[PDB]
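Each chain, letter by letter, is given below.
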Amino acid sequence: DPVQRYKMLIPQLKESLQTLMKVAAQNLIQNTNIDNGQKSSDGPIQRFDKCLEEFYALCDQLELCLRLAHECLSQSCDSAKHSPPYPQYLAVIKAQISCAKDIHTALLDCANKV
Amino acid sequence: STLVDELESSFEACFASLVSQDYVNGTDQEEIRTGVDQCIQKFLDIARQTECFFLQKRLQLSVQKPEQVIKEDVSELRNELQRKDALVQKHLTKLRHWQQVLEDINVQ
Amino acid sequence: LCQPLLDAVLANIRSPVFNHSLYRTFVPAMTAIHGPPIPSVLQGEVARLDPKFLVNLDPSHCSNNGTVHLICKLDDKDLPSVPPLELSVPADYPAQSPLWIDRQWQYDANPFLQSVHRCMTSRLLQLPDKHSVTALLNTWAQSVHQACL
Amino acid sequence: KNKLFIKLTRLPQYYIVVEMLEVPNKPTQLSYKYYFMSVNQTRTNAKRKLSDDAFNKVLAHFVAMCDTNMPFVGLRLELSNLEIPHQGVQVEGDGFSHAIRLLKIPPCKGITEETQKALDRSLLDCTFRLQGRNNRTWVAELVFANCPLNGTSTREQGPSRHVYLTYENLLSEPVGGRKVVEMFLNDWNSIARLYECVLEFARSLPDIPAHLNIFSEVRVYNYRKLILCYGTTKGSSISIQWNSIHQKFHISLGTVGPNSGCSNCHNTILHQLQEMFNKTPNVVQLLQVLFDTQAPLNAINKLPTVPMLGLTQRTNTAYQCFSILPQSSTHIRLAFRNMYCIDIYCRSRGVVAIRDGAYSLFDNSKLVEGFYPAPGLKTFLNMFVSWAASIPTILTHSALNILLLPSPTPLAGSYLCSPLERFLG
Amino acid sequence: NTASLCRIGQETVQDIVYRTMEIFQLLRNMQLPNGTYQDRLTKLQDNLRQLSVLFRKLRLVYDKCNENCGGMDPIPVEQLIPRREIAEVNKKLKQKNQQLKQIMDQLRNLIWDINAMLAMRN
Amino acid sequence: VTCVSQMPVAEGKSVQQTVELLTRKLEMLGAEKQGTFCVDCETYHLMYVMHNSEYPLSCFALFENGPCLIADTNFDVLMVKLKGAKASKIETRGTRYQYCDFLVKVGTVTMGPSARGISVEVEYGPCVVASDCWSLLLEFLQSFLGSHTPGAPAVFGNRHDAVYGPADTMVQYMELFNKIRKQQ
Amino acid sequence: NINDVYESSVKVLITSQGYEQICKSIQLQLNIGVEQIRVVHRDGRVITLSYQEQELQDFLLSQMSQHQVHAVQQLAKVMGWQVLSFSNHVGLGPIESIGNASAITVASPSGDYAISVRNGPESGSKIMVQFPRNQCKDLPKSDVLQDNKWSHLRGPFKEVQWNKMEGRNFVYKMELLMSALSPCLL
Amino acid sequence: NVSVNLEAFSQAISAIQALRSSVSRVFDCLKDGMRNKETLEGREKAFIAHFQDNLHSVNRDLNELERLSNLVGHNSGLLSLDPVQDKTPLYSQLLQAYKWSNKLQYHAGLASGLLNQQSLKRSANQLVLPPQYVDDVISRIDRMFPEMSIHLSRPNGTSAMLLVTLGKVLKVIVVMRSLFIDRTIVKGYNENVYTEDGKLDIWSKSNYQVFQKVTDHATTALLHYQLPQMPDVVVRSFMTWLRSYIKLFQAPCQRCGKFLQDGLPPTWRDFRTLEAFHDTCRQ
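In the PDB header, cryo-EM is given as the technique by which the entry was determined, and 4.8 Å as its resolution.

Right under this line is the structure:
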């Protein structure tokens, strides 16, 4: 379900990335403080590595959805460019495969002939 | 690998890029373009070089063996003579045909 | 959305422990997800000239110091042999016109030579602001030729 | 009282007027006095020519001489408009063609002052000539001297490797507008950044590791792009060049020789490889990341990734049996339909690691986003060697190939599953 | 026939390149039936055969030309330069050509004429 | 693809001197001057019948927003023998210039003795349905008249799909004549 | 094959003796009409020759010169050379020429030796070749150049004796030469 | 078509990879922040500059991602869900053959192109066709285009003269020897073409100068598209040109689109790009 899922992740991805940059700033401020002493923060930490990993994860899920979309789309399009009888369809399939293989093997033969 | 082996190897590459034996996985036009470009350029270039070699040999043969080149000329000329009288004879047959046809249409 | 990290990083650019703060907060995670990590320009112009303008370096002077002098003598079958033209290149060249050395001691005697000099000085004066040795020598060839008229 | 204006349309701002007044005392002879003119309905100048050494040969000749000499004026003016110091119009050798030999090319950032000196000591000349049926195409043949590298084409053999850059304008700008020198300077910049990279490579070439030297030799370099083969036996080829429209390098992968696969196994990592090589422009490092991640990827590509319609309870949904999704340099992740996502790190000389990507690296309790963990994978990947999966297990780079090459089941159906496909499946 | 070897091999290289051109051409047109045409495969095969022929031919002609039949060759430089039977066959050829040109002129006149008439009223 | 428009006096100079200005400009552009033209019209009762010099074997009869049949020159006689006119005639008359495949006519429209204005007619010879070519006509007139303006009149003919003969030209003529009689 | 009562037409293609397929510019289409010969040139030009005969003589000769200078470029492409190419019209205002003008081209090899072809009608074709400074002993080596790196730039010009060299036609002769300055695989 | 949806998804893949790369770049060039060298103020300008640039890269990438998030978008699938062919090694072979065929297509296309551009033939030595076949190829090219009413007629017999018309603009005449275009007369849409009977005047003029120049250019096109060795393609290549001459009277020229340089619209459609630049502006 490519379109709805992509539209569902993109806002979620934006929210995750905004959280990510904010936690990056939070930990950097906290740590440069504690290095320069000068102060501390009693509040919780909001661990950062987790946030970066969650963002990478969401990026990965979107990658999956979108690759599946492109591959299934190209599959269906190439199926169109070579088709319009279920057993007859299987038959024309077997024929197609045979023809492709014969082309490939003739090319292999002339190449091996050197 | 004097020169001809190079040409054979180049042709072998320019085709066998695709044929080889293995699973194909998407074909991502760009790499196909880059491969075909490089292979075909090397092929045409080794063709360049073999032509250069043969022509150089002909120049040498000219500056050394002129009996050879003059005999080449006599051969080509006589071949053209044969081709010429063949053409004119064919046309003469055609003229005879159409001559009879026209004067017949006149007689009728 | 970048504003928090932006002002955070801009806040402490000066601190001498800034590198330590950057390393402590980030490098653990970043390793957790990604694994461990003769002026020789004049040489060119002299090389690329036209054969008729055979040019050598002046026996007088020491071309070693900033500007190398030149003693170039026209050839070319079509022309009329004339006096040589002694060049001097302001090593800051390019963007520096190579001087000419004017001398009636060269041309005074005869009419052909004095005509050559008139044409030469005029056309050289016309040459714009950026003379390269090729410009001088070309101008000189045109001057000889136009004096042959 | 009698004029004939000749408008030369190759460059339609200059005219060749003449006059044809009369000759005294000869009522039949005729005079002709020709004048070059310019127009910007206005008017600029006129200069009478004087060369007197049915068809009017002399003036077909003057209009000609005005045709091809005049674009050189445009290019010279626009070349001095920038700071490039140019020799004169310079009729080259035989009085047949003009040229402009750019004495020295203007420095182009960003180049470390060392390689700038190297370029200055490299080029001997760069000369523009006019080459076209329309007189609107320039060629700049620039010769270089101390070639760092020598490719396998036998034509580079020779001290000075000539390089030609061809430029035409869009017929809308002038014949020699500013666009031509802008393009030439961009191409000088491409040559420059590539010279930087190749000079690093050339200094390193002695005592580069033996394994690299065996696999991958330089194919061609001419001066504008660098093409390197791979090994066993010169199967593939990378092409590094600089694209001054994006201000970044661009590596295009290709297949050349026979023994390699149908496509460059490395194509799965091309975007990642590009980002890598932009961050650190060091060809030795790239050859290294290609040495590793050569056989891992060559095994990983050869996995079925073809959408099958009828897997789940809802028979309508496609699921992409495997899916290779690279995480940005060398850490690619396999992913069953969506449920299981083992991830494979490539590593030092031989080994190649296999974690279970579902388990969040910074936490052991959490499953990352959607894909559940694969129970018992640690046992199996140990066979070929609670949350114990997340500790990366190590395989010696041929186990992996046995781990993915299709093979018969331990009539078996003859389906050619992969010893990893069957387990997680 | 030595220079004959040179020229014929030269032409064989052009034949190589042009055959490759048409081979890729035929490949491009291919269809993968959806048909049972099968003549495509026929032309592809019997085309690929000629390439094989020409390669061995090139090896043979290369060998015969670099055989160096007693030749102490001087390098190309100094070659750039900065029998009656030939004359007889040339004269006979020029005469036959002239006669052919008379014939061509006669036919031209007849064709102009026949055209004038018919186009005038037919 | 004729286009007609009324160029004001812009006085300025006299109406004849306005024509003189136009003649001088059009001669300046480099156009040769061909034989004079003349278009005239009459109204009956309301019916319009008009003659043109570009078509001197055919006289066109047009009802406003209706039919417009062309006829032979012997349609004047049918109107003669049909008495079952107002002497509001109009008659343009001037010289015909020719540009490269491009014909442009200027005239001094006359009712009775008093020329009411100046009318210019331009017709790009080789053309088809105007909707594709009007660009070029504007391109040219912007040089000649555009000073004042040309304003797309072929909208009188641009509504249709695709056709163009010689009638719509005289239709435009009649529209202009109705405009010139009314205002002084 | 269709000659009407008013106006006739013909095609004239000038080609090099052997190289035809490879090289074919310089093609025309005369329209012989009563009292004028209209010429349409492949390049895109339209010239209107008068009813005389010397005019057609001259036009065809101008095309013959242009064709030699075009055939050299076509051949340089045919395989083997990069072109610093011509002006169809001008050359470099070297000499006056009575048929319209002459076109000169200059194409370099894979490595070094550039050749140059000037040709005009009734001004004999002149082809001279360049060399590296390495191969010319005559040119007095100037002191100013002291370096070795520089020697291998393209150098001077040396004319080639046409009436002697070797070959049947002009493209054939130039092809023998253009191969003769190749990397010399012997 | 679905090619545009495919291309959108492809760019979307590229963009998501770019986003991940940009985030990683930011944090990685941040991992070793203020490097060391050459100045104190130089360090600052350089570091802040590259950090700002990397953040701008991230933002640009996310913008492109939402952009492509707007422009969102058979029997083979049934082959998988059939529990007979699934067990056998099929449906891997089928998609295999499909991909290999597509690869052969693109590969051979580019190869043949590059080879045709650079041919070595330089030699030829070392025709009547079926008139019905002439009719076939003419009809094929007639169907091949939307508005070109090609009407073959054969007065003078084996000549096979034509008459092409295209929409209110530029009706032409073609007299082909035998699939060898010999002459061309380009007349306007209102020209008398047939003499006194339906003779299809192979021999008139065009009264208007624009179409006269188009006739000259058309004869040039004839001469230019020659390409011997089976001129079947010659006529298709020519009819492509003549098709381009639609939208002749309304289109600018490439250089200074005045629409009329000297009273003549743009009349020289280039043999490749096929748009503009009237003759004076080209030669």
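Alright, that's what it looks like, and here's the rest.
Student: I'd love a proper account of the overall build of chain H, names of residues and values included.
Tutor: From N to C terminus, chain H includes eight helices and three strands. Secondary structure of chain H in N-to-C order comes out as α-α-α-α-α-β-β-β-α-α-α. Its C-alpha atoms give chain H a radius of gyration of 30 Å, clearly above 19 Å, the size a compact globule of 283 residues would have. Overall, the C-alpha framework of chain H stretches about 90 × 65 × 50 Å when taken along its three principal axes. Counting the 283 residues in chain H, one finds 52% classified as buried. On chain H, roughly 13,200 Å² of surface is accessible, and the fraction owed to carbon and sulfur atoms is 51%. Averaged over its 33 positive side-chain charges, chain H has a centre that lies 4 Å from the centre of its 27 negative ones.

Student: Any chance you could break down the interface of chain B and chain E for me, citing the residues and the numbers?
Tutor: Counting from both sides, the interface comprises 35 residues of chain B and, opposite them, 37 residues of chain E. In this assembly, chain B packs against chain E so that about 3,500 Å² is buried in total across both faces, 74% of it on carbon and sulfur atoms. Between chain B and chain E we count two salt bridges in total. Here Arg-59 of chain E ties to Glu-8 of chain B by a salt bridge, and the two come within 3.0 Å at their closest N and O atoms. For the pair chain B and chain E, the number of links is five residue pairs in polar contact. Every element with two or more residues in the side of chain B that touches chain E is listed here: α1 (4-19), α2 (29-64) and α3 (66-107) of chain B. The residue inventory of the side of chain B that touches chain E, partitioned by class, reads 20 nonpolar, six polar and nine charged.

Student: Any details on the sheet that holds strand β1 (residues 164-166) of chain H? Residues and values, ideally.
Tutor: Residue and element names in this part refer to chain H. Taken together, the three strands give an open sheet; going across it, the order is β1-β2-β3, and neighbouring strands pair in antiparallel fashion. Of all strands in the sheet, those with a lone pairing partner are β1 and β3 (181-187), marking the two edges. Neighbour to neighbour, the strand axes of the sheet diverge by 20 degrees on average, direction disregarded.

Student: Talk me through the arrangement of the chains; I want residue IDs and the actual numbers.
Tutor: Among 18 pairs of chains with at least one contact, chains A and H form the most extensive contact set. These two, chain C and chain E, are apart from each other, with no contact and a minimum C-alpha gap of 17 Å. In this assembly chain B lies apart from chain F, the nearest approach of their C-alpha atoms being 41 Å.

Student: Give a description of the UniProt feature "coiled-coil region" in chain B that names residues and reports values.
Tutor: Annotation from UniProt places "coiled-coil region" at residues 68-104 of chain B. Annotation note: span residues 68-104 of chain B, helix share 100%, strand share 0%, distance between end C-alpha atoms 55 Å.

Student: Hey, could you go over α3 of chain B for me, with residue numbers and the actual values?
Tutor: Here α3 of chain B spans 61 Å end to end across 42 residues, near enough to the 62 Å set by a 1.5 Å rise per residue. Contacts made by the buried residues of α3 of chain B are with α2 of chain B together with α1 (2-29) and α3 (84-121) of chain E.

Student: Hey, could you go over the packing of helix α2 (residues 18-33) of chain C against helix α1 (residues 3-31) of chain H for me, with residue numbers and the actual values?
Tutor: Two quantities define a packed helix pair, namely the angle between the helix axes and the distance between the axes. For the pair α2 of chain C and α1 of chain H, the least separation of the axes is 9 Å and the interaxial angle reads 130 degrees. As far as their axial angle goes, α1 of chain H and α2 of chain C are oblique. For the pair α2 of chain C and α1 of chain H, the sense of crossing is left-handed. Counted together, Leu-22, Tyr-23, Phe-26, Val-27 and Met-30 of chain C of α2 of chain C and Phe-27, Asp-28, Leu-30 and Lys-31 of chain H of α1 of chain H form the full contact between these two elements.

Student: Which residues make up the sheet that holds strand β13 (residues 325-327) of chain D, and what are the values?
Tutor: All names here are of chain D. On the basis of which strands lie adjacent, the open sheet formed by five strands has the order β13-β14-β15-β16-β17 and antiparallel pairing. Each edge of the open sheet is held by one strand with a lone partner, namely β13 and β17 (393-395). Sheet twist, expressed as the average angle between the axes of neighbouring strands with direction ignored, equals 30 degrees. For strand β15 (residues 343-346) and strand β16 (residues 352-355), the ladder comprises four bridges, and the chain directions are antiparallel. Among the inter-strand pairings, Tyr-345 is bridged to a residue of β16, identified as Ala-353.

Student: Explain the side chain of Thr-9 of chain D residue by residue, including any values.
Tutor: Among the structural elements, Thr-9 of chain D can be located in the loop between β1 (6-7) and β2 (14-17). Ignoring any residue separated from it by four or fewer positions in sequence, one finds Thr-9 of chain D in contact with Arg-255, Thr-280 and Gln-283 of chain H.

Student: Hey, could you go over unusual backbone geometry for me, with residue numbers and the actual values?
Tutor: Apart from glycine, the bulk of residues carry a negative phi angle, and the bulk of peptide bonds sit in the trans form. Cis peptide bonds are those with omega within 30 degrees of zero, and the linkage from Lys-109 of chain D to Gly-110 of chain D qualifies with 0 degrees. With respect to the helices and strands, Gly-110 of chain D occurs in the loop between β5 (100-102) and α2 (113-120). In the segment running from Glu-11 of chain F into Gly-12 of chain F, the intervening peptide bond is cis, with an omega of -5 degrees. Relative to the assigned elements, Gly-12 of chain F resides in the loop between β1 (2-7) and α1 (15-29). Non-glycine residue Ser-40 of chain C carries a positive phi angle of around 65 degrees. Looking at the secondary structure, you find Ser-40 of chain C in the loop between α2 and α3 (42-47).

Student: Account for the side chain of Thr-43 of chain F, naming residues and giving values.
Tutor: Residues and elements named next belong to chain F. Position of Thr-43 relative to the elements: it lies in strand β2 (residues 32-44). Among the polar contacts made by the side chain of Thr-43, one reaches the main-chain carbonyl oxygen of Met-47 at a distance of 3.4 Å. Contacts of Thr-43, omitting those with residues within four sequence positions, involve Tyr-48, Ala-85, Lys-86 and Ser-88.

Student: Just give me the short version of the nonpolar core, but keep the residues and values in it.
Tutor: By size, the foremost hydrophobic cluster in this structure holds 72 residues, and its most contacted members are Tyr-124 of chain F together with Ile-150, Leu-170, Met-176, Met-239, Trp-241 and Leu-242 of chain H. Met-239 of chain H has contacts with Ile-141, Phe-145, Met-148, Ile-150 and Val-164 of chain H, leaving out every residue within four places of it along the chain. With 66 residues, the next largest nonpolar core counts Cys-99 of chain A, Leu-32 and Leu-54 of chain E together with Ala-97 of chain H among its residues.

Student: So what's going on with the interface of chain A and chain H? Which residues, and what values?
Tutor: Facing the 45 residues of chain A at the interface are 42 residues of chain H. Roughly 3,900 Å² is buried in total at the junction of chain A and chain H, and carbon and sulfur atoms are behind 72% of that figure. Broken down residue by residue, the surface that chain A buries against chain H is led by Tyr-6, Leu-73 and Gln-75 of chain A, which jointly contribute 13%. In this assembly, chain A and chain H are joined by three salt bridges. The salt bridge involving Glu-71 of chain A is made with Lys-99 of chain H; its shortest N-O contact spans 3.0 Å.

Student: Give a description of a nonpolar patch on the surface that names residues and reports values.
Tutor: Taken together, the side chains of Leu-107, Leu-110, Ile-111, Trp-112, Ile-114, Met-117 and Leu-118 of chain E define a hydrophobic patch exposed on the protein surface, amounting to about 630 Å² of accessible area. Looking at where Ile-114 of chain E falls in the secondary structure, it is placed in helix α3.

Student: How would you sum up the environment of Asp-73 of chain E? Please name residues and give values.
Tutor: Locating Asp-73 of chain E in the fold gives a position in the loop between α2 (39-65) and α3. Classification of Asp-73 of chain E as partly exposed rests on a relative accessible area of 37%. Apart from the residues within four sequence positions on either side, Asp-73 of chain E is in contact with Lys-57 and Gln-60 of chain B together with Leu-186 of chain G.

Student: A description of the pattern of salt bridges should follow, citing residues and the corresponding values.
Tutor: Tallying each qualifying case throughout the model produces 45 salt bridges over all chains. Between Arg-20 of chain H and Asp-60 of chain A there is a salt bridge, with the nearest N and O atoms lying 2.8 Å from each other. Pair noted here: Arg-20 of chain H is in helix α1 and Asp-60 of chain A is in helix α2 (residues 48-80), and the two residues belong to different chains. With relative accessibility at 0%, the residue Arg-20 of chain H sits in the buried group. By relative accessible area, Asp-60 of chain A is classed as buried at 1%. Residues joined by salt bridges that share partners form a network here, namely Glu-45 and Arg-48 of chain C, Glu-92, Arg-101, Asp-125, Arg-129 and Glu-141 of chain D together with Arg-154 of chain G.

Student: I'd love a proper account of the environment of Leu-62 of chain A, names of residues and values included.
Tutor: With respect to the element layout, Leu-62 of chain A can be found in helix α2. Residue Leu-62 of chain A is classed as buried on the basis of its relative accessible area, which comes to 0%. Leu-62 of chain A sits 15 residues away from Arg-47 of chain A along the chain, and the two C-alpha atoms are 24 Å apart. Once residues lying within four places of it in the same chain are set aside, the contact partners of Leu-62 of chain A are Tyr-6, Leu-9, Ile-10 and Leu-13 of chain A together with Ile-16 of chain H.

Rules used in this analysis
- Residues numbered from 1 in each chain as written, not as in the entry; some residues may be left out.
- Chains lettered and ligands numbered in written order.
- Part of a larger assembly, values for the part shown.
- Heavy atoms only, no water.
- Helix = DSSP H or I, 4+ residues; strand = E, 2+ residues; numbered from the N terminus.
- Rg over C-alpha atoms; globule rule 2.2 N^0.38 Å.
- Buried < 20%, exposed > 50% of the residue type's maximum accessible area, 1.4 Å probe, protein only.
- Areas by Shrake-Rupley, 256 points an atom, 1.4 Å probe, with all protein chains shown as cover.
- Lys, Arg positive; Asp, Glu negative; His and termini not counted.
- Charge placed at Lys NZ, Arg CZ, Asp CG, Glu CD.
- Contact = heavy atoms within 4.5 Å.
- Buried area = accessible area lost by both parts, 1.4 Å probe.
- Salt bridge = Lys/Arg side-chain N within 4 Å of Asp/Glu carboxyl O.
- Polar contact = N/O pair within 3.5 Å; in protein donor to acceptor, adjacent residues only side chain to side chain.
- Nonpolar A, V, L, I, M, F, W, Y, C, P; charged D, E, K, R; others polar.
- Pairing = 2+ DSSP bridges.
- Axes fitted to C-alpha atoms, helices over the stretch in contact; angles between N-to-C directions.
- UniProt positions renumbered as here; feature names shortened; annotations may be inferred.
- Expected span 1.5 Å × (residues − 1).
- Parallel < 35°, antiparallel > 145°, perpendicular 65-115°, else oblique.
- Left-handed = near helix turned anticlockwise from the far one by under 90°.
- Core = buried A, V, L, I, M, F, W, Y, C linked by side-chain atoms within 4.5 Å.
- Patch = residues over 30% accessible without salt bridge, like charges linked within 9 Å, V, L, I, M, F, W, Y side chains within 5 Å.

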